[PDB]
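Descriptive analysis of the structure
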Amino acid sequence: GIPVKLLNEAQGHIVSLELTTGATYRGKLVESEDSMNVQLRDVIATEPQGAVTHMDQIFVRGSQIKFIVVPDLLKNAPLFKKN
Amino acid sequence: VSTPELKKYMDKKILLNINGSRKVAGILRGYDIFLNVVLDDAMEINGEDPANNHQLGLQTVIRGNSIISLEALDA
Amino acid sequence: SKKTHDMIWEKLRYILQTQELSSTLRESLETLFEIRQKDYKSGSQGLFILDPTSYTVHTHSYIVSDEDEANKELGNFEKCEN
Amino acid sequence: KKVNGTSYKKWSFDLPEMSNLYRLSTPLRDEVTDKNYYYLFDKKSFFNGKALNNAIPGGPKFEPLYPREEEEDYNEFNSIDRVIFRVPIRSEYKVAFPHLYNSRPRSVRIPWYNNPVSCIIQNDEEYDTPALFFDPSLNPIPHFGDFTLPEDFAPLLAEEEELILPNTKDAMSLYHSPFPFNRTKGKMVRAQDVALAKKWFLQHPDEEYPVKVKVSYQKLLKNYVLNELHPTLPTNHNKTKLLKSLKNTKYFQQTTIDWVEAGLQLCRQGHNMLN
Amino acid sequence: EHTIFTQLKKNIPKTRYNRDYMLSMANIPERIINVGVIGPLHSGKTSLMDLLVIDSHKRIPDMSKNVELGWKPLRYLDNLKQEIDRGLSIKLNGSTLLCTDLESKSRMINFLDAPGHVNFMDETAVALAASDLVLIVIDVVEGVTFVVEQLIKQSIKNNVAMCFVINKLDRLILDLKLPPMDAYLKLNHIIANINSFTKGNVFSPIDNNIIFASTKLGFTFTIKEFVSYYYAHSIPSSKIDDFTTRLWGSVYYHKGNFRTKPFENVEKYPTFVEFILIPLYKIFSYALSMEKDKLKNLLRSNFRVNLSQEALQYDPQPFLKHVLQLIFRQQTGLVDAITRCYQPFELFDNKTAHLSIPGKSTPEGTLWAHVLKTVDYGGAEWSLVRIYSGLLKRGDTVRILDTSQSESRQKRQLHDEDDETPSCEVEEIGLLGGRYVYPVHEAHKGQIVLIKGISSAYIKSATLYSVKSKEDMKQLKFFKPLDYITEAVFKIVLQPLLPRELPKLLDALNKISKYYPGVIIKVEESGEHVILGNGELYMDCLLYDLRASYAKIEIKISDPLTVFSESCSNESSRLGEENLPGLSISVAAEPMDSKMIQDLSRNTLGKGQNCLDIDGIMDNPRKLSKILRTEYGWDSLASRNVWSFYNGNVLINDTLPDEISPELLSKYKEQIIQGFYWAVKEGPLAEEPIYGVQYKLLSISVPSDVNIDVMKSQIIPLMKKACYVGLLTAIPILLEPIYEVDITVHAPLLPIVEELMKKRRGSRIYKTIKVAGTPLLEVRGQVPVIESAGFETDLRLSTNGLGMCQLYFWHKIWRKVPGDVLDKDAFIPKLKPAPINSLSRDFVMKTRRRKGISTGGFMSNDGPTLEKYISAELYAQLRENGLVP
RNA sequence: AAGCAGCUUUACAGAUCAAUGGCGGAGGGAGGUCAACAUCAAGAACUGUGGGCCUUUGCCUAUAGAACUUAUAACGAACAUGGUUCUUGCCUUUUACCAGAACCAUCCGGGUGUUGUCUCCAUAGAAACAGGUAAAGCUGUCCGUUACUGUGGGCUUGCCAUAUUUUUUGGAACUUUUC
Ligand SMILES: Nc1nc2c(ncn2[C@@H]2O[C@H](COP(=O)(O)OP(=O)(O)OP(=O)(O)O)[C@@H](O)[C@H]2O)c(=O)[nH]1
Ligand SMILES: [Mg+2]
């Protein structure tokens, strides 16, 4: 599907991921998988209650993520065109 | 279908949060396609670092369904 | 007999192409393929003394699946009352 | 379907008609398929031989482009005690690399280097040899419940059973053929413009011809070079053709008659003009 | 007159993507990858770039109606006027493209096609240094010839990934007319031939390392691409990865199940034949022969491909190309192989440690780029540069060190200040686009761009760095001078036709020494100009631009010459002496070992997974004495006292004042070696370089008084005088270079070639390879370079175009010229080639008269003799013993 | 490559049989040894439209369209003549001449697009009305099927596995403070 393909477009792009646990991990994306589980680098972490920390590397299971924010530029990415 | 890529991490001490509240940090030996992760020298982290921490076992395996996120503390 | 002889080559080419062979035998087989492109100019020299109409053309059409009478007996001695 | 109409432009043929015309044309076709045959014998090498005042052994001879050649500078540069003599610099060397083996080349043109060594296997002895066939003179190639797909899964084009069609041996001969037999459509040319004998003197003749006809190959090449060297381009504003402007006049009428009648009508008219 | 090139910004052809999305992918280092396209002569490299360009752009103005059809190739990256006329790539050229793989992940890819002719092996050395992976394009007919073997061995050497494209598959059916089983064995023979030379990695179409292509007909595919278009619809989605592994490699299929053995009672082919080659050849057969109405039904039924109404009225070659473009839709399987082969975690650090010194990663504050070459790109002088760290904007000021300075500067970086490096301003930044330059404001890490305003600061390569603090300057790494594979050994001496045009010649020789990076342009003391090149075509490409592009003057040009080297064959009251008695230096000479010379030509010293490179060969003197003693069996004293390896030569201290006062020697040691470099560069015979001489410093005398001013300045010319006395006493010889030859002829034309090698002097055919499946065979031999004048076209005229050779100088074969060099009675005939015993005398005497060393009226022979250096009273003492003639 | 589902049609039985919405239609095809206008050699080159600067030109930026001809460079896989000038060659002189150049022309032709004309063969319709250009359903009205069903064709589709850890066969439910 296109939504996961787009995630590949995100790769190497500062992206923000919100977990279903309520946290927020904003940082660079090292790797992604069709499962959608995403691992980040230099992520700035926001706990559900707002406490913010900084973690060198991270991996998050795909099932957990509520939504992903990807670079605005991606929007005109080549694959998207219908025809 | 596809195996998750943990390949760089293996042999590194890793903290990971399991299911509702629990955080477990241990050396990681094995991973599978469901993300089931087996790590040795497991320790259950708590508020008081030396005190409420208790080790689990010599080898512990984790269902991939209870993993929320994985962070490796190390290189 | 070009048509059947091409079929002999094609099976013989299937030997050193899709099948494993002993080594010393193998370089001789590909040398035959090398003589093929050189057009057989080193197997075509002999004593063609007879003209093609001076040899009365008794091209004997015997096959090697015929029992061939094995006439050793006329090389023995006999006694002509003839 | 084969032509646009009776205005007779822009023909288009099918494959069996096109291979049949290819087969009749074999006394007059080009009969050469590699461009490496024309190595030092193309027109770029002909232009260089004119400008360098060199003679390709089958090529034409020209006047010197720069006849003021006999001037020289007394200098120690190209003396005999300077030069190592290993290989005699042939004129074929001077045309193949015009800027290396020539002191002072000017108005020379850059020649084409090689083409890939053309190994085209053709078959002409038997019609019953297949179109795809391991010809002689090719070197041999000496070498050397787990998984299950659903049945009736077939490769692509498995429902079509034969690889060699009865027109493939004709079509691959047309594929490697020079112009115009590699094309199945094209515009019309004028009977003047079909140069039938042009390909004969654009090739090497042979060693077997006598000397009075090898000059005729060399003299027809010289005319070919001079047309390629000096193009006279047509101007576009020439909109008044003669027959078209005479047709617009009330004093000319039009009909269709026989050629021999029109030839005898121009001999009688041309006699009455001069008399 | 020089190129064809769109100058106007508004006529630059638009892309399918919007090209700003492409430039934003430059921000990410992992996203962009740099592939250079290398391969043999006429392999389809520029044609392969035609496929990637016209599928990336929407309408090219240079593309004509014959080019839109199949008839003539758009050699889009052959933009030079000479490259159009030669039909041949000459310069490195490239294009930056946005490309998607089979997983539809778009990324910025910087292509750079090298020229495939073997005299332009310097231009692919730039492409090997620039590229992350190489895309080695092979024609299926010639297969793996010897020039392929080096391009595999070089890409292993340069720590560069590789990915193979087997090209020209139309020749496999339309030229050669192989049956489909017999062409599978052609492909299996080639892939088994490239796996022997890639010593570690196996390459196979399952492993996505090999792409099949026929570039004239405009398609390319992997087997992963081909399954994913047409077979992935039918088999289950969990099966597509396992089906494509059962596809190549002697496994057969019949009615739903796979076997390694052949099926009984069924005429069956392998899986690659039945599923790929058999459907491929049916496309070749039916687009040429099947009726266009019946074929239009087979393309919907099997390929879901609609032929247009205009497409049915095509000629057979454009119709075959239009079908094979409809099928094999884009080059997504090519890009997917380029994506999956490159691993930056393994290679990018070893590539940096090969181009520069091995060290830790420089910080991200440092701007740090490698200036590859200076490119005359589109009527301007650009610099080809690849950025390894930091960020570069237009208008910045950068420090540009020429790479010839980077040996000392990296050595002076250790320190157990100021004015170190000239500074130029970044005037303009552009992306190479083939026929255009696309301007960009900045250039990020990892990408090749073109920068105007750098080219005056260097010759032939540079390093570009812009450091912030002085402490940060301590850790930056300088690049090594670039390893152009062929040594320039083909020699042409020139002077202008008018003496007043000499400043315009010296201007254009400075452009050529920048633009053609494989040249060695030097000026003799007689005033003549020597150009060293790679071959006949390399000079003929050079002297065109020298006469037509860069200087409009006419020039006088000699015959082809070569460089000669000097050596010995023995050694030898051996002493040397200055007119003042304060200095007395005795040097002996000796031939080095043949294995010792051959390994130093390979730029590394050692054997059996243990080797020491020449740059740090002094830095481990304990390890050096282990290598020299074990591998080569030297003495323990000779192993410890070696001072320097200059190119193909060695100095050994063997003296008793070293056992007395080596500390006195050590303060004078750096200039004995400097005088040694002053002697190897110009030898005693004919001012030629010295190769393969083991020098032994036998003794040295020190004057009763120390002047640091005078003893330093006097020992450097005397040591160069002292090396001559050792060499001339040691039975000197002359060395000539030997080209290695790679001839491709048809098999019946072989005795023409064997007679053609006998007409030359020192030619020998060493190996004759039957090229499988083809009527032609490969001939590998050698020729001297001084005999290889017009060798290339003597071969082609005698074989009527069915022959072709490549002349190259990879292995540095120097062979003794068969004469004796000191022959006063050698017969040198005028205007004819001298006989074989007169060759060493002839080549020296003519060289000494080009240089002006030996001056005669017409032919006066003052040979290289051991009497202008030694005293004349000792020279009479040498004649009476019979030692010196 | 097939059944079903979806989509698009379709001969249609239809809901409406209103206002609608889609697609087509508001003066034919194929042709002509027919014509008239354009246009055909150049920063690898074109035109139109929108915006910004200077004061129309020009520049920059955005956008749309580009027939034919060109890369071993030219409409033409063909190739003739003439003029002037320079340099030769036959040598009594002048045409006529020899065969190289440079700059120019003439002549036999060729492509493409418009518009008109001519031959042949046609005829729905709503081709009904009203506006104008150099052009036309170009515009406005308009009507043919019809915008929501079921039978019948095609695919652009589904990913062929539909409950057992990363998605759609439930870790859900319940109670408490503050405001
Ligand atoms: N049969 C065949 N010939 C091809 C194909 N691609 C290219 N050629 C021919 O190969 C020759 C060289 O083509 P290019 O694409 O210029 O090759 P290249 O790699 O640029 O060659 P270099 O410039 O020498 O490096 C030409 O004669 C082409 O027509 C192909 O797919 N099939
Ligand atoms: Mg090329």
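Calculation notes
Here the residue numbering is sequential from 1 along each chain as its sequence is written and may not follow the entry numbering; residues with no coordinates are omitted from view. Chain letters start at A and ligand numbers start at 1, both assigned in the order the entries are written. Values throughout apply to the part shown, which belongs to a larger assembly of chains. Water and hydrogen atoms play no part in the side-chain values, which are based on all heavy atoms of the structure. Residues with missing side-chain atoms are left out of burial classes, side-chain pairs and their counts. UniProt positions are given in the numbering used here, feature names are shortened, and annotations may be inferred rather than shown by experiment. One heavy atom within 4 Å of a molecule or strand is enough for the residue carrying it to be called near that molecule or strand. Throughout this description, a polar contact denotes any pair of N or O atoms lying within 3.5 Å of each other; where both atoms belong to protein, one of them has to be capable of donating a hydrogen while the other can accept it, and for residues adjacent in sequence the pair is counted only when both atoms sit in side chains. Computed by Shrake-Rupley with a 1.4 Å probe, the accessible areas treat only the displayed protein chains as cover when residues are assessed. The helix count covers DSSP runs of H or I at least four residues long, the strand count covers runs of E at least two residues long, and both are numbered beginning at the N terminus. Amino acids are sorted into nonpolar (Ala, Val, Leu, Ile, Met, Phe, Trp, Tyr, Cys and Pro), charged (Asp, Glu, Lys and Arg) and polar (every other residue, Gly among them). Each metal's donors are the N, O and S atoms found within 2.8 Å of it, except that Na, K and Ca use a 3.2 Å limit; water is left out, so coordination can look incomplete. Summary of the burial criterion: residues with accessible area below 20% of their type's maximum are buried, those above 50% are exposed, and those between are partly exposed, where the area comes from a 1.4 Å probe applied to protein chains only. Two strands qualify as a pair provided that DSSP identifies no fewer than 2 bridges between them. To obtain an axis, a line is fitted to C-alpha atoms, over the contacting stretch when the element is a helix, and the angle between two such axes runs from 0 to 180 degrees between their N-to-C directions. The scheme is simple: roughly parallel for angles under 35 degrees, roughly antiparallel for over 145, roughly perpendicular for 65 to 115, oblique for anything else. Two residues qualify as a contact provided that any one of their heavy atoms is within 4.5 Å of a heavy atom in the partner residue. Put simply, buried area is the surface a 1.4 Å probe can reach on two separate parts but cannot reach once they are joined, added for both. Within this document, salt bridges are pairs made up of a side-chain nitrogen of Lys or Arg and a carboxyl oxygen of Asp or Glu, the two lying within 4 Å of each other.

For chain E, the name recorded in the PDB entry is Pre-mRNA-splicing factor SNU114, with Saccharomyces cerevisiae as its organism. Looking at chain E in UniProt, the text filed under Function is "Component of the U5 snRNP complex required for pre-mRNA splicing. Binds GTP." Quoted verbatim from the Subcellular location heading of the UniProt record, the comment on chain E is "Nucleus".

Chain B is annotated in the PDB entry as Small nuclear ribonucleoprotein G of Saccharomyces cerevisiae.

As a structural note, the neighbourhood of ligand 1 is formed by 20 residues, with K45(E), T46(E), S89(E), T215(E) and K216(E) the closest of them. More than one chain reaches ligand 1: its neighbouring residues belong to chains D and E. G44(E) is positioned such that a nitrogen or oxygen atom in its backbone is 3.1 Å from an oxygen atom of ligand 1. In the model, an oxygen atom of ligand 1 is placed 2.5 Å from a nitrogen or oxygen of the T46(E) side chain. Taken by itself ligand 1 offers 640 Å² of open surface, and the protein chains cover 89% of this. The element best represented in the shell around ligand 1 is helix α2 (residues 45-54) of chain E, accounting for 3 residues. Of the residues belonging to the shell around ligand 1, the class tally is 4 nonpolar, 10 polar and 6 charged.

Attention shifts here to the coordination of the magnesium ion (ligand 2). Octahedral six-donor coordination of a metal ideally yields angles of 90 or 180 degrees, compared with 109.5 degrees for tetrahedral four-donor coordination. Residues and elements named next belong to chain E. Surrounding the magnesium ion (ligand 2) are the protein donor atoms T46 (OG1) and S89 (OG), which sit 2.0 to 2.3 Å from the metal. Taken as a pair, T46 in helix α2 and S89 in the loop between α4 (81-86) and β2 (93-100) lie far apart in primary sequence, 43 residues in all. We classify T46 as buried; its relative accessible area is 9%.

Within a beta sheet, neighbouring strands are joined by backbone hydrogen bonds and run either parallel or antiparallel to one another. Residue and element names in this part refer to chain E. Overall, mixed pairing links the 7 strands, which are arranged β2-β3-β1-β4-β5-β6-β7 in an open sheet. Strands at the two margins of the open sheet, each flanked by one partner only, are β2 and β7 (219-221). The sheet shows a mean angle of 25 degrees between the axes of neighbouring strands, direction not considered. Relative to β7, strand β6 (residues 210-214) runs antiparallel, the two sharing 3 bridges. Note that in β7 the partner of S214 across the bridge is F219.

Moving on to the protein's contact with RNA strand F. With respect to spatial proximity, 73 residues lie near RNA strand F, and among them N65(B), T6(D), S7(D), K198(D) and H230(D) are the closest. Within 4 Å of the protein, the contacting atoms of RNA strand F are drawn from sugar and phosphate to the extent of 56%. Between RNA strand F and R61(A) there is a distance of 3.0 Å, counted from a sugar or linking oxygen to a side-chain nitrogen or oxygen. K9(D) is positioned with one of its side-chain polar atoms (N or O) 3.1 Å from a phosphate oxygen of RNA strand F.

Relative placement of two packed helices is described by the angle separating their axes and the distance separating the axes. Packing of helix α4 (residues 168-175) of chain D against helix α11 (residues 271-289) of chain E leaves a shortest axis separation of 9 Å and a crossing angle of 85 degrees. Considered as vectors, α4(D) and α11(E) are oriented roughly perpendicular to each other. Contacts from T168(D), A171(D), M172(D) and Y175(D) of α4(D) reach α11(E) at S285(E), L288(E) and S289(E).

In this assembly, 5 pairs of chains are in contact, and the pair with the greatest number of contacts comprises chains D and E. At the level of C-alpha atoms, the two units chain A and chain C stay apart, their nearest approach being 43 Å. Regarding chain B and chain E, the two do not touch, and the least distance separating their C-alpha atoms is 7 Å.

Looking now at the pairing of strand β3 (residues 37-45) of chain B. All names here are of chain B. Of the pairings in the sheet, the one linking strand β2 (residues 22-31) to β3 comprises 7 bridges and is antiparallel in character. Residue pairing for β3: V24 is matched across the bridge by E44. Two strands pair when backbone bridges link them, and β3 and strand β5 (residues 59-62) are joined in this way by 4 bridges, in the antiparallel orientation. If you follow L39 over to β5, its bridge partner there is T60. Here β3 runs beside strand β4 (residues 54-55); their pairing, made up of 2 bridges, is antiparallel. By the bridge assignment, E44 is partnered in β4 with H54.

Turning our attention to the UniProt feature "domain: tr-type G" in chain E. Under the present numbering, the feature "domain: tr-type G" in UniProt falls on residues 30-237 of chain E. Along residues 30-237 of chain E one finds 34% helix and 21% strand; the C-alpha atoms at either end are 29 Å apart.

Between chain D and chain C, the contact holds 11 residues from the first and 11 residues from the second. Taking both sides of the interface into account, the surface hidden between chain D and chain C amounts to around 1,000 Å²; carbon and sulfur atoms contribute 55%. Ranking the residues of chain D by area buried against chain C places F134(D), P140(D) and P142(D) at the top, with a combined share of 34%. In this structure, the connection of chain D to chain C is made through 1 salt bridge. The closest approach of N and O atoms between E125(D) and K2(C), which form a salt bridge, is 3.5 Å. Joining chain D to chain C, the criterion identifies 2 residue pairs in polar contact. Broken down by class, the residue content of the side of chain D that touches chain C amounts to 6 nonpolar, 3 polar and 2 charged.

Counted under the stated rule, the structure contains 54 salt bridges over all chains. With a shortest N-O distance of 3.1 Å, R31(E) and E9(A) are connected by a salt bridge. Of this pair, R31(E) sits in the loop between α1 (20-24) and β1 (33-37) while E9(A) sits in helix α1 (residues 2-10), placing the two residues on different chains. Residue classification places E9(A) among the buried positions, given a relative accessible area of 0%.

Residue and element names in this part refer to chain E. Position of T366 relative to the elements: it lies in the loop between α16 (344-355) and β10 (367-375). Polar contacts involving the side chain of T366 include one to the side chain of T362, which spans 2.9 Å. With sequence-adjacent residues up to four places away left out, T366 is seen in contact with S389, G390, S466, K468 and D472.

Residue and element names in this part refer to chain E. Overall, antiparallel pairing links the 8 strands, which are arranged β14-β13-β19-β10-β11-β18-β15-β16 in an open sheet. At either margin of the open sheet sits one strand with a lone partner, and together these are β14 (423-425) and β16 (437-439). Taking each pair of neighbouring strands and ignoring which way they run, the sheet shows an average axis angle of 40 degrees. The pairing of β10 with strand β19 (residues 462-466) spans 5 bridges and is classified as antiparallel. If you follow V371 over to β19, its bridge partner there is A462. Contacts between helix α5 (residues 121-130) and the sheet are confined to β10, β11 (382-389) and β18 (448-452), with β10 contributing the most and set at about 160 degrees to the helix.

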